[PDB]
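A.B. asks: Dropping in upload-v2.txt, with compact mmCIF, C-alpha atoms and all ligand atoms.
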# COMPACT_ATOMS: atom_id res chain seq x y z
CA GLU Y 685 -24.56 -46.22 6.43
CA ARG Y 686 -23.68 -43.28 8.80
CA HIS Y 687 -25.22 -44.81 11.98
CA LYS Y 688 -26.42 -41.56 13.66
CA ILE Y 689 -27.50 -43.20 16.90
CA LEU Y 690 -24.71 -45.67 17.46
CA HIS Y 691 -22.10 -42.93 16.96
CA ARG Y 692 -24.19 -40.90 19.44
CA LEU Y 693 -24.43 -43.75 21.96
CA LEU Y 694 -20.63 -44.20 21.78
CA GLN Y 695 -20.23 -40.47 22.31
CA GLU Y 696 -23.00 -39.25 24.65
CA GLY Y 697 -23.74 -42.44 26.59
CA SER Y 698 -27.46 -43.18 27.11
CA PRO Y 699 -30.60 -41.65 27.95
CA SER Y 700 -31.42 -41.15 31.63
CA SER R 208 -1.89 -63.28 35.60
CA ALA R 209 -2.64 -60.63 38.21
CA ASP R 210 -3.16 -58.58 35.04
CA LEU R 211 -5.58 -61.35 33.90
CA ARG R 212 -7.37 -61.41 37.26
CA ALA R 213 -7.67 -57.62 37.39
CA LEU R 214 -9.12 -57.60 33.88
CA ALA R 215 -11.74 -60.22 35.00
CA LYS R 216 -12.68 -58.07 38.05
CA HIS R 217 -12.92 -54.84 35.98
CA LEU R 218 -15.13 -56.57 33.33
CA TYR R 219 -17.29 -58.01 36.14
CA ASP R 220 -17.62 -54.61 37.86
CA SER R 221 -18.76 -52.77 34.68
CA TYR R 222 -21.02 -55.66 33.80
CA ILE R 223 -22.76 -55.05 37.22
CA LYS R 224 -23.10 -51.34 36.41
CA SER R 225 -24.34 -51.79 32.85
CA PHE R 226 -26.83 -54.62 33.30
CA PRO R 227 -29.68 -54.08 35.85
CA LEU R 228 -30.62 -57.78 36.05
CA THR R 229 -27.85 -60.26 36.75
CA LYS R 230 -27.99 -64.10 36.34
CA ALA R 231 -27.75 -64.46 40.16
CA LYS R 232 -30.86 -62.33 40.59
CA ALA R 233 -32.72 -63.89 37.63
CA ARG R 234 -31.77 -67.36 39.01
CA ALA R 235 -33.04 -66.59 42.53
CA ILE R 236 -36.35 -65.38 41.09
CA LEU R 237 -36.69 -68.32 38.66
CA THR R 238 -35.98 -70.92 41.34
CA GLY R 239 -38.39 -69.42 43.97
CA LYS R 240 -35.55 -68.55 46.32
CA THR R 241 -36.11 -64.78 46.31
CA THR R 242 -38.25 -63.11 49.05
CA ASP R 243 -38.70 -60.30 46.45
CA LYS R 244 -42.39 -60.92 45.85
CA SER R 245 -43.10 -63.19 42.87
CA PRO R 246 -43.42 -62.13 39.18
CA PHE R 247 -46.80 -61.68 37.44
CA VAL R 248 -47.33 -64.66 35.10
CA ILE R 249 -48.34 -64.07 31.49
CA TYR R 250 -49.71 -67.20 29.87
CA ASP R 251 -52.38 -65.67 27.66
CA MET R 252 -54.18 -62.61 26.37
CA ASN R 253 -56.14 -61.64 29.49
CA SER R 254 -53.07 -62.20 31.70
CA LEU R 255 -51.06 -60.09 29.23
CA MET R 256 -53.67 -57.35 29.79
CA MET R 257 -53.78 -57.56 33.63
CA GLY R 258 -49.95 -57.55 33.42
CA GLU R 259 -50.03 -53.73 33.48
CA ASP R 260 -47.80 -52.11 36.09
CA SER R 274 -52.76 -49.60 20.85
CA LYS R 275 -53.06 -52.05 17.93
CA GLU R 276 -52.89 -55.86 17.57
CA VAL R 277 -51.86 -58.87 19.72
CA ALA R 278 -48.56 -60.19 18.27
CA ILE R 279 -47.63 -56.64 17.18
CA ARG R 280 -48.00 -55.38 20.76
CA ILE R 281 -45.54 -57.99 22.05
CA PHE R 282 -43.32 -57.19 19.03
CA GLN R 283 -43.26 -53.44 19.87
CA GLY R 284 -42.81 -54.02 23.62
CA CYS R 285 -39.77 -56.21 22.92
CA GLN R 286 -38.45 -53.32 20.79
CA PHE R 287 -38.29 -50.74 23.59
CA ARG R 288 -36.19 -53.28 25.59
CA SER R 289 -34.05 -54.37 22.67
CA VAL R 290 -33.15 -50.70 22.16
CA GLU R 291 -32.40 -50.40 25.89
CA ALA R 292 -30.24 -53.54 25.71
CA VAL R 293 -28.19 -52.01 22.82
CA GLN R 294 -27.67 -48.91 24.99
CA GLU R 295 -26.53 -51.08 27.91
CA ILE R 296 -24.19 -53.16 25.75
CA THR R 297 -22.66 -50.03 24.17
CA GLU R 298 -22.05 -48.63 27.63
CA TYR R 299 -20.38 -51.91 28.58
CA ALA R 300 -18.30 -52.17 25.34
CA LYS R 301 -16.83 -48.75 26.04
CA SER R 302 -15.44 -50.20 29.30
CA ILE R 303 -13.45 -52.97 27.55
CA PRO R 304 -9.85 -51.73 27.69
CA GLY R 305 -8.69 -50.88 24.16
CA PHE R 306 -12.21 -50.61 22.67
CA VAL R 307 -12.50 -46.78 22.62
CA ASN R 308 -8.92 -46.63 21.30
CA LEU R 309 -10.13 -48.32 18.10
CA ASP R 310 -11.16 -46.63 14.87
CA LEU R 311 -14.65 -45.16 15.27
CA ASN R 312 -16.14 -47.10 12.27
CA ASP R 313 -14.76 -50.40 13.62
CA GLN R 314 -16.32 -49.62 17.01
CA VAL R 315 -19.70 -49.23 15.28
CA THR R 316 -19.16 -52.46 13.27
CA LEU R 317 -18.27 -54.44 16.45
CA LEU R 318 -21.50 -53.23 18.05
CA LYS R 319 -23.57 -53.62 14.88
CA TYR R 320 -22.63 -57.33 14.57
CA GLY R 321 -21.98 -58.11 18.27
CA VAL R 322 -25.13 -56.91 19.95
CA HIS R 323 -27.49 -59.80 18.82
CA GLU R 324 -25.05 -62.46 19.95
CA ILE R 325 -24.81 -60.82 23.38
CA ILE R 326 -28.58 -60.33 23.64
CA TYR R 327 -29.11 -64.05 23.02
CA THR R 328 -26.40 -65.04 25.48
CA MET R 329 -27.83 -62.83 28.26
CA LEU R 330 -31.42 -63.65 27.43
CA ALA R 331 -30.52 -67.24 28.45
CA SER R 332 -29.94 -65.90 32.02
CA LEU R 333 -33.64 -64.90 32.08
CA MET R 334 -34.89 -68.21 30.78
CA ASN R 335 -35.80 -71.63 31.93
CA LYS R 336 -37.43 -74.13 29.54
CA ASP R 337 -40.93 -72.96 30.35
CA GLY R 338 -40.58 -69.19 30.19
CA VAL R 339 -38.77 -65.88 30.43
CA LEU R 340 -38.43 -63.03 32.93
CA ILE R 341 -39.56 -59.67 31.70
CA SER R 342 -39.76 -56.18 33.26
CA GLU R 343 -36.42 -56.94 34.88
CA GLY R 344 -37.76 -59.85 36.98
CA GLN R 345 -41.24 -58.36 37.68
CA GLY R 346 -42.86 -60.62 35.12
CA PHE R 347 -42.82 -64.15 33.83
CA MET R 348 -43.96 -64.84 30.23
CA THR R 349 -44.50 -68.50 29.28
CA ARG R 350 -42.75 -70.12 26.31
CA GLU R 351 -46.01 -71.72 25.10
CA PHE R 352 -47.71 -68.33 25.05
CA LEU R 353 -45.02 -66.59 22.97
CA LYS R 354 -45.41 -69.65 20.72
CA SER R 355 -49.15 -68.95 20.32
CA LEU R 356 -48.64 -65.75 18.34
CA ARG R 357 -49.54 -65.67 14.65
CA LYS R 358 -47.46 -65.59 11.53
CA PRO R 359 -43.70 -65.09 12.00
CA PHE R 360 -44.17 -63.81 15.58
CA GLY R 361 -44.80 -67.12 17.36
CA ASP R 362 -41.52 -68.40 15.92
CA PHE R 363 -39.15 -65.72 17.16
CA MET R 364 -38.54 -67.03 20.73
CA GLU R 365 -38.35 -70.81 20.31
CA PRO R 366 -34.81 -71.00 18.92
CA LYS R 367 -33.79 -68.73 21.85
CA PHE R 368 -35.28 -71.08 24.45
CA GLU R 369 -33.74 -74.05 22.55
CA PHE R 370 -30.31 -72.36 22.75
CA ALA R 371 -30.84 -71.15 26.40
CA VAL R 372 -31.44 -74.82 27.47
CA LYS R 373 -28.18 -75.87 25.79
CA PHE R 374 -26.27 -72.80 27.09
CA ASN R 375 -27.59 -72.80 30.67
CA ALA R 376 -26.23 -76.32 31.23
CA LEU R 377 -22.73 -74.86 31.17
CA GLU R 378 -23.77 -73.18 34.47
CA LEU R 379 -21.79 -69.95 33.96
CA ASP R 380 -22.17 -67.16 36.40
CA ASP R 381 -21.93 -63.41 35.86
CA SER R 382 -18.14 -63.47 36.44
CA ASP R 383 -17.75 -65.88 33.49
CA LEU R 384 -20.35 -64.08 31.38
CA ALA R 385 -18.70 -60.60 31.85
CA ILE R 386 -15.65 -61.91 30.03
CA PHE R 387 -17.47 -64.07 27.44
CA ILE R 388 -19.47 -61.12 26.11
CA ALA R 389 -16.27 -58.95 25.79
CA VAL R 390 -14.88 -61.83 23.73
CA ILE R 391 -17.94 -61.80 21.43
CA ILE R 392 -17.74 -57.97 20.95
CA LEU R 393 -14.00 -58.16 20.10
CA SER R 394 -14.44 -60.41 17.07
CA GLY R 395 -11.94 -59.58 14.37
CA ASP R 396 -14.00 -61.44 11.79
CA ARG R 397 -16.91 -58.97 11.49
CA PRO R 398 -17.49 -57.91 7.85
CA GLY R 399 -16.18 -54.48 6.69
CA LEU R 400 -13.74 -54.15 9.58
CA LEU R 401 -10.82 -51.87 8.73
CA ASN R 402 -8.23 -52.72 11.40
CA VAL R 403 -8.56 -56.37 12.31
CA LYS R 404 -5.20 -56.71 14.09
CA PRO R 405 -5.80 -54.43 17.12
CA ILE R 406 -9.23 -56.06 17.72
CA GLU R 407 -7.68 -59.57 17.63
CA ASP R 408 -4.91 -58.49 20.08
CA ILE R 409 -7.61 -57.34 22.52
CA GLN R 410 -9.60 -60.63 22.08
CA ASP R 411 -6.48 -62.71 22.51
CA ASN R 412 -6.02 -61.04 25.88
CA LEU R 413 -9.74 -61.52 26.71
CA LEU R 414 -9.52 -65.23 25.83
CA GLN R 415 -6.62 -65.65 28.22
CA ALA R 416 -8.67 -64.09 31.08
CA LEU R 417 -11.67 -66.19 30.17
CA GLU R 418 -9.50 -69.33 30.12
CA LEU R 419 -8.04 -68.58 33.57
CA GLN R 420 -11.44 -67.44 34.91
CA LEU R 421 -13.08 -70.78 33.82
CA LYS R 422 -10.26 -72.96 35.23
CA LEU R 423 -10.50 -71.30 38.67
CA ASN R 424 -14.24 -70.76 38.96
CA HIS R 425 -15.13 -74.18 37.47
CA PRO R 426 -12.19 -76.45 38.28
CA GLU R 427 -14.09 -79.71 37.86
CA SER R 428 -15.98 -78.94 34.63
CA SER R 429 -13.42 -80.04 32.11
CA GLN R 430 -12.97 -78.41 28.69
CA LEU R 431 -15.52 -75.75 29.66
CA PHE R 432 -13.48 -73.19 27.81
CA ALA R 433 -13.73 -75.27 24.55
CA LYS R 434 -17.47 -75.91 25.12
CA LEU R 435 -18.22 -72.23 25.64
CA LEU R 436 -16.36 -71.31 22.48
CA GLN R 437 -18.36 -74.04 20.66
CA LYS R 438 -21.52 -72.12 21.66
CA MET R 439 -20.35 -69.29 19.35
CA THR R 440 -21.53 -71.42 16.36
CA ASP R 441 -24.91 -71.82 17.96
CA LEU R 442 -25.18 -68.09 18.69
CA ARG R 443 -24.41 -67.21 15.07
CA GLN R 444 -26.99 -69.63 13.57
CA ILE R 445 -29.61 -67.89 15.76
CA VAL R 446 -28.56 -64.48 14.48
CA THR R 447 -28.79 -65.82 10.91
CA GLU R 448 -32.35 -67.17 11.59
CA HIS R 449 -33.57 -64.05 13.39
CA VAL R 450 -32.73 -61.85 10.33
CA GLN R 451 -34.53 -64.15 7.84
CA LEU R 452 -37.62 -63.86 10.09
CA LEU R 453 -37.30 -60.06 9.92
CA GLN R 454 -37.22 -60.29 6.09
CA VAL R 455 -40.58 -62.07 6.33
CA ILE R 456 -41.98 -59.11 8.33
CA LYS R 457 -40.77 -56.88 5.44
CA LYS R 458 -43.35 -58.20 2.92
CA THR R 459 -45.93 -60.03 5.05
CA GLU R 460 -46.54 -57.05 7.38
CA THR R 461 -47.52 -53.56 6.22
CA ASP R 462 -47.48 -50.74 8.84
CA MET R 463 -44.96 -51.98 11.37
CA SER R 464 -42.81 -49.21 12.89
CA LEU R 465 -39.19 -50.35 13.26
CA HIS R 466 -37.09 -48.24 15.69
CA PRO R 467 -34.38 -46.08 13.99
CA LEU R 468 -31.65 -47.57 16.17
CA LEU R 469 -32.84 -51.07 15.19
CA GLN R 470 -33.06 -50.03 11.52
CA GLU R 471 -29.40 -48.92 11.39
CA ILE R 472 -28.45 -52.06 13.32
CA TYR R 473 -30.27 -54.22 10.71
CA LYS R 474 -29.40 -52.18 7.57
CA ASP R 475 -26.82 -54.15 5.56
CA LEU R 476 -26.22 -57.21 7.75
CA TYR R 477 -25.79 -60.44 5.74
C1 LIG M 1 -41.60 -57.97 26.69
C2 LIG M 1 -41.15 -58.56 25.38
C3 LIG M 1 -41.11 -60.09 25.40
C4 LIG M 1 -40.06 -60.66 24.47
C5 LIG M 1 -39.08 -61.60 25.17
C6 LIG M 1 -38.44 -61.04 26.41
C7 LIG M 1 -37.50 -60.09 26.44
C8 LIG M 1 -36.91 -59.43 25.21
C9 LIG M 1 -35.63 -58.65 25.46
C10 LIG M 1 -34.93 -58.22 24.43
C11 LIG M 1 -35.48 -58.57 23.07
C12 LIG M 1 -34.96 -59.92 22.59
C13 LIG M 1 -35.22 -60.15 21.12
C14 LIG M 1 -33.93 -60.43 20.40
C15 LIG M 1 -33.47 -59.24 19.56
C16 LIG M 1 -34.52 -58.15 19.43
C17 LIG M 1 -34.50 -57.42 18.11
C18 LIG M 1 -35.88 -57.35 17.50
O1 LIG M 1 -36.77 -56.68 18.05
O2 LIG M 1 -36.13 -57.96 16.46
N1 LIG M 1 -37.07 -59.72 27.63
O3 LIG M 1 -36.23 -58.88 27.76
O4 LIG M 1 -37.48 -60.22 28.61
Before we go any further, please render this structure as structure tokens.
C.D. replies:
Amino acid sequence: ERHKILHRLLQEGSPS
Amino acid sequence: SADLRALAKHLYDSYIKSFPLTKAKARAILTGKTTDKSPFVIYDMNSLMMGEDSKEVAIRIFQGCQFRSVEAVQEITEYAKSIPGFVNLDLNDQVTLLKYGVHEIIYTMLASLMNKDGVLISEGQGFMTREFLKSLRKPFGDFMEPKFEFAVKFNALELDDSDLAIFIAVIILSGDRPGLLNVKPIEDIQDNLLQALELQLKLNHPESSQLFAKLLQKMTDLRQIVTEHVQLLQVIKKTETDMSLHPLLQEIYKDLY
């Protein structure tokens, strides 16, 4: 549930 | 058709951007045709140790592979966002597509880095032998073998990055992922992607008949591997005690058949 990081990948792009 | 060609090009171009090691580059290294030095070979424990450019043997390899599996998910998400129509989709369906799609794409692209005797690591800087990864204890020495087995089957199709750019968009845009809310708009995107793949394969491989069909058949072989890989994880649940799983990989693997 929720998927904090995937949502955040889809939204912020990576990392550097 | 010029639409179909331009979609092929755009997929190819973002594929180049998202993925640091292409099949062309991996192939040139693997076949000794490079100039770009020559990878460090890892065939055992001591060579694993000198291969330096914290805990136990098989665990170390397991954790290493985890940093790069996370990185691969990042790369694939970047790339998915580039598929026209993808970011127009419901946000939960986007997550679902990635959740279920990422393993199938990892296995597909991992073939690019493989021959029958080993695998490129550290983006081409290393070569780890099949036999060595097979020499790990417990459930660990059984993770890679079905990948190599599949890579040998898949690599005989002789696809290049152009073909692969489209194929992996097709995999991501699967309307049959569980818990998907709006199937239709995903399947309209994939329909379009299949048409570009079909034309791409015809033109790029005019003599290899029914390649399209044969590539699509590989989607049954990709999904058996996924199935197997998860059951092996479930063995690491009980059999292994303190074994940090990465949060991103946790949410990827939480509730997945
Ligand atoms: C350095 C780790 C050696 C493992 C094999 C080589 C790799 C692994 C790359 C990505 C990991 C592939 C494993 C399949 C899915 C990983 C999910 C998991 O950790 O269970 N490589 O990139 O060259």
A.B. asks: Could you check how far atom CA of residue R:225 sits from atom CA of residue R:337, in Å to one decimal?
C.D. replies: 27.0 Å
A.B. asks: Tell me as a PyMOL selection string which residues belonging to chain Y come within 8 Å of chain R, counting all atoms listed in the file.
C.D. replies: chain Y and resi 685+687+689-691+693-694+697-698
A.B. asks: Using all atoms listed in the file, find each residue with an atom at most 6 Å away from ligand LIG 1 (chain M) and format the answer as a short mmCIF file (atom, residue, chain, number, x, y, z; two decimals) with C-alpha atoms, keeping the file's coordinate frame.
C.D. replies:
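Full text of out-v7.cif as output:
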data_model
loop_
_atom_site.label_atom_id
_atom_site.label_comp_id
_atom_site.auth_asym_id
_atom_site.auth_seq_id
_atom_site.Cartn_x
_atom_site.Cartn_y
_atom_site.Cartn_z
CA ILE R 281 -45.54 -57.99 22.05
CA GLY R 284 -42.81 -54.02 23.62
CA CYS R 285 -39.77 -56.21 22.92
CA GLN R 286 -38.45 -53.32 20.79
CA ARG R 288 -36.19 -53.28 25.59
CA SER R 289 -34.05 -54.37 22.67
CA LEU R 340 -38.43 -63.03 32.93
CA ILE R 341 -39.56 -59.67 31.70
#
A.B. asks: At what distance in Å, to one decimal, does atom CA of residue R:292 lie from atom CA of residue R:394?
C.D. replies: 19.3 Å
A.B. asks: Have a look at atom CA of residue R:223 and atom CA of residue R:465 and let me know their distance in Å, one decimal.
C.D. replies: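 Atom CA of residue R:465 lies at a distance of 29.4 Å from atom CA of residue R:223.
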A.B. asks: Do a neighbour search on residue R:399 at 9 Å with all atoms listed in the file, toss out local chain neighbours closer than 2 positions, and write the hits as JSON, numbers by chain.
C.D. replies: {"R": [313, 316, 396, 397, 401]}
A.B. asks: Show me, as a ChimeraX atom specification, the residues that have an atom within 12 Å of residue R:445 when counting only C-alpha atoms, minus same-chain residues fewer than 3 positions from it.
C.D. replies: /R:323-328,362-371,438-442,448-452
A.B. asks: Would you write out those residues with C-alpha atoms, as a PDB file, in the frame of the given file?
C.D. replies:
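File produced: again_4.pdb:
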ATOM      1  CA  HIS R 323     -27.490 -59.800  18.820  1.00  0.00           C
ATOM      2  CA  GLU R 324     -25.050 -62.460  19.950  1.00  0.00           C
ATOM      3  CA  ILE R 325     -24.810 -60.820  23.380  1.00  0.00           C
ATOM      4  CA  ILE R 326     -28.580 -60.330  23.640  1.00  0.00           C
ATOM      5  CA  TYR R 327     -29.110 -64.050  23.020  1.00  0.00           C
ATOM      6  CA  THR R 328     -26.400 -65.040  25.480  1.00  0.00           C
ATOM      7  CA  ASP R 362     -41.520 -68.400  15.920  1.00  0.00           C
ATOM      8  CA  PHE R 363     -39.150 -65.720  17.160  1.00  0.00           C
ATOM      9  CA  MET R 364     -38.540 -67.030  20.730  1.00  0.00           C
ATOM     10  CA  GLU R 365     -38.350 -70.810  20.310  1.00  0.00           C
ATOM     11  CA  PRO R 366     -34.810 -71.000  18.920  1.00  0.00           C
ATOM     12  CA  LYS R 367     -33.790 -68.730  21.850  1.00  0.00           C
ATOM     13  CA  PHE R 368     -35.280 -71.080  24.450  1.00  0.00           C
ATOM     14  CA  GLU R 369     -33.740 -74.050  22.550  1.00  0.00           C
ATOM     15  CA  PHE R 370     -30.310 -72.360  22.750  1.00  0.00           C
ATOM     16  CA  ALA R 371     -30.840 -71.150  26.400  1.00  0.00           C
ATOM     17  CA  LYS R 438     -21.520 -72.120  21.660  1.00  0.00           C
ATOM     18  CA  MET R 439     -20.350 -69.290  19.350  1.00  0.00           C
ATOM     19  CA  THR R 440     -21.530 -71.420  16.360  1.00  0.00           C
ATOM     20  CA  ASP R 441     -24.910 -71.820  17.960  1.00  0.00           C
ATOM     21  CA  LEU R 442     -25.180 -68.090  18.690  1.00  0.00           C
ATOM     22  CA  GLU R 448     -32.350 -67.170  11.590  1.00  0.00           C
ATOM     23  CA  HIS R 449     -33.570 -64.050  13.390  1.00  0.00           C
ATOM     24  CA  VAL R 450     -32.730 -61.850  10.330  1.00  0.00           C
ATOM     25  CA  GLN R 451     -34.530 -64.150   7.840  1.00  0.00           C
ATOM     26  CA  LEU R 452     -37.620 -63.860  10.090  1.00  0.00           C
TER      27      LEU R 452
END
A.B. asks: Hey, what's within 8 Å of residue R:212 if we count all atoms listed in the file and toss same-chain stuff fewer than 3 positions away? As a PyMOL selection string, please?
C.D. replies: chain R and resi 208-209+215-216+416+420
A.B. asks: Could you give me, as a list in words, the residues within 12 Å of residue R:238, counting only C-alpha atoms and dropping anything in the same chain fewer than 5 positions from it?
C.D. replies: residues 230, 231, 232, 233, 245, 246, 333, 334, 335 and 340 of chain R
